[PDB]
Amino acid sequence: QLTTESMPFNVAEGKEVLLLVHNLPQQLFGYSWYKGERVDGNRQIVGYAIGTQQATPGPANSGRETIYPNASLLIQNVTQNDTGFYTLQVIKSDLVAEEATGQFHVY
């Protein structure tokens, strides 16, 4: 199963967290990250197109995140308010979506 996991789960204020992503399918066309536990357009952080390697910031983009070619999401300068769930959507070459949710806590 597609999974995402924070490294570290417990994150000091002002430091960084990497959302690692595991069990990707091959032949992917894009990624989309969201704040919260589901796919919710109003809370899209970033979208990525594999074909062109272009990142497009969404309405939940903070300016403090980077999505990598392997789907992982690095968040820097973390704030208390960053504590939450983060949902990844992967779009395969047949346009079928897979999703995973992960989370971290800022202290």
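In this text, residue numbers run from 1 along the sequence as written.
Colleague: Where do the C-alpha atoms have the higher mean temperature factor in this entry, in 11 to 19 or in 83 to 91?
Modeller: Comparing 11 to 19 with 83 to 91, the higher mean C-alpha B-factor belongs to 11 to 19.
Colleague: Going by the deposited entry, which of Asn70, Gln27, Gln44, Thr56 has the highest CA temperature factor?
Modeller: If I rank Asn70, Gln27, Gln44, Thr56 by C-alpha B-factor, first place goes to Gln27.
Colleague: Using only modelled residues of the chain, where does the Cα B factor of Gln103 rank: lowest third, middle third or highest third?
Modeller: Middle third - that is where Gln103 ends up once the chain's C-alpha B-factors are sorted.
Colleague: What third of its chain's C-alpha B-factors does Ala49 belong to: lowest, middle or highest?
Modeller: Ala49: CA B-factor falls in the lowest third of its chain.
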